[PDB]
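Trainee: Compute the structure for the input listed below.
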Amino acid sequence: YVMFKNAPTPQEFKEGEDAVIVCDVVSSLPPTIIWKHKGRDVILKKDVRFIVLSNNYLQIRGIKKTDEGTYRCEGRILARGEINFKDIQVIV
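Mentor: Numbering: from 1, shown residues only. And now the structure:
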């Protein structure tokens, strides 16, 4: 299944700091979440300042004031084709 937990939508970090986007989701196990908006699928570019943690969070290194807005969490499963999501606002 997929249960969205611990995800304060409007978050806030410091300019040039190591930030993380809080978005916990209890997806089945093999699949995972997809970070969209403010980058268009970050998991496909994997810039030098984007490290998704094992708990489905997004550690943006530096978090520039121009990369803030609304990151969309997309909990997705390929075995049991599921597409859950929500808009997380990030300010910096």
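
Trainee: Pairing partners for the residue nearest to residue 38 when sequence neighbours are not counted in the sheet, please.
Mentor: Distances taken as C-beta to C-beta, 6 or more residues apart in numbering place residue 69 nearest to residue 38, at 5.0 Å, with adjacent residues excluded. From N, CA and C alone the C-beta is placed, and that goes for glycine too. Beta-bridge partners of residue 69, counted by DSSP bridges, are residue 90.

Trainee: How many residues are close by residue 69?
Mentor: By other C-beta atoms under 10 Å, the residues close to residue 69 number 14.

Trainee: what do you get for residue 41?
Mentor: Number of residues near residue 41 (other C-beta under 10 Å) recorded here: 12.

Trainee: since we're on the closest residue to it other than its chain neighbours, how many residues are nearby?
Mentor: Nearest residue to residue 41, sequence neighbours excluded (C-beta to C-beta, 6+ apart): residue 34, at 6.5 Å. Neighbour count of residue 34, defined by other C-beta under 10 Å: 18.
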